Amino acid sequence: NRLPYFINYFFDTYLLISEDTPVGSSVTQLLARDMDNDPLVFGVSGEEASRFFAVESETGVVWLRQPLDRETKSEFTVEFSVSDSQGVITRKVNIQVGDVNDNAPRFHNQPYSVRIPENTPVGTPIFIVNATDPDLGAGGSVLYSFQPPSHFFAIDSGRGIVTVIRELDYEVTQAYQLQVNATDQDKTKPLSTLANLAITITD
């Protein structure tokens, strides 16, 4: 009797699985060979491996038992088994969890507020907003704006720097309620978050 062996590329490199792979989806099919043409039993071992993946014992079909989340865990080492019902052969697979855009930007150092004088010249930068997005590429890449846009203030869309763009007036207005929007730039489903910025005016 000669022991069976896996032939899938991913035993030598890695298996890529999108984090939005739905529960129940088949992620792949283990392929193995046996010079005795024996029937073959496929399996998965590991506390962690078995909570995430199930293996059809007859067909080698691997399906997902639990949602993946790249931002929680971007890699697994998983152990697959194939048996010729005489000896058990185990072999490790590195799993890369592929990104989708599933996080909105996250503001930092809130609550946001600044006090400025009314004579504050046009152009003067008065505040820095900061939001991070953990997704990759366009989905992880933050743009800033006011919602709605301001007649009196502006925010650099790259850097989140708030400037004064028209002369203020204490006799007329003492406060400003201002909503900052931070969106990511995912092509199909951009996500966004909102923050208050409070601007007191002094004499």
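Residue indices: 1-based, along the sequence shown.
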| query | finding |
| --- | --- |
| 46-54 versus 148-156 - which carries the larger mean C-alpha B factor in the record | 46-54 |
| Higher-B stretch (mean Cα B-factor, as the entry records it), 63-71 or 36-44 | 36-44 |
| Selection by C-alpha B-factor (highest) of 86, 96, 124, 101 | 86 |
| Residue 143 - which third its CA temperature factor falls in, relative to the rest of the chain | lowest |
| Residue 165, C-alpha B-factor rank within chain (lowest, middle or highest third) | middle |
| Cα B factor band for residue 132 (lowest, middle or highest third within the chain) | lowest |
